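Overview (structure and organization)
Listed here are the chains, written in short residue letters.
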Amino acid sequence: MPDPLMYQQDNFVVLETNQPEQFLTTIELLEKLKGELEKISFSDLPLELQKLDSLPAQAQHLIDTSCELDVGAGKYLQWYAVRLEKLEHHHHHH
């Protein structure tokens, strides 16, 4: 069966209500999500996550194919991945 890919871990620009504009990998994003998601009520989160039994799997499916979510306390958590620098072909700063 086909596995996702080798370059699973890219750079996701995660916008936190306290710390905006931050570069972290898929795993680091996962860690943030699974933390807030476990805080989020299991009776409040999407039904797909209620079919999933693993916490990482839930957050992984968010990164897989979902949008942003509210982490509670009035604040929210959104993230976007910068992929294919086809414009100008700009390499990383450092």
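Let us look at helix α3 (residues 55-65). Within α3, burial applies to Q58, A59, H61, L62 and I63. Its buried side turned inward, α3 meets β1 (12-16), α1 (26-39), α2 (47-51), β3 (69-72) and β4 (75-81).

This next bit is on the nonpolar core. Most often, soluble globular proteins keep nonpolar side chains buried together rather than apart. One finds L29, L33, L37 and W79 to be the most contacted residues of the largest nonpolar core, which totals 17 residues. Contributions of two or more residues to this core are made by β1, α1, α3, β3 and β4. Tallying contributions element by element places α1 first for this core, with four residues. Dropping the residues within four chain positions of it, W79 is found in contact with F12, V13, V14, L29, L33, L62, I63, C67, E68 and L69.

Our next topic: the pairing of β3. Both β3 and β4 contribute to a ladder of two bridges, which runs antiparallel. Among the inter-strand pairings, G72 is bridged to a residue of β4, identified as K75. Counted along the chain from β3 to the antiparallel partner β4, the turn is two residues long, and its residue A73 has a positive phi close to 65 degrees.

Calculation criteria
- Residues numbered from 1 in each chain as written, not as in the entry; some residues may be left out.
- Heavy atoms only, no water.
- Buried < 20%, exposed > 50% of the residue type's maximum accessible area, 1.4 Å probe, protein only.
- Helix = DSSP H or I, 4+ residues; strand = E, 2+ residues; numbered from the N terminus.
- Contact = heavy atoms within 4.5 Å.
- Core = buried A, V, L, I, M, F, W, Y, C linked by side-chain atoms within 4.5 Å.
- Pairing = 2+ DSSP bridges.

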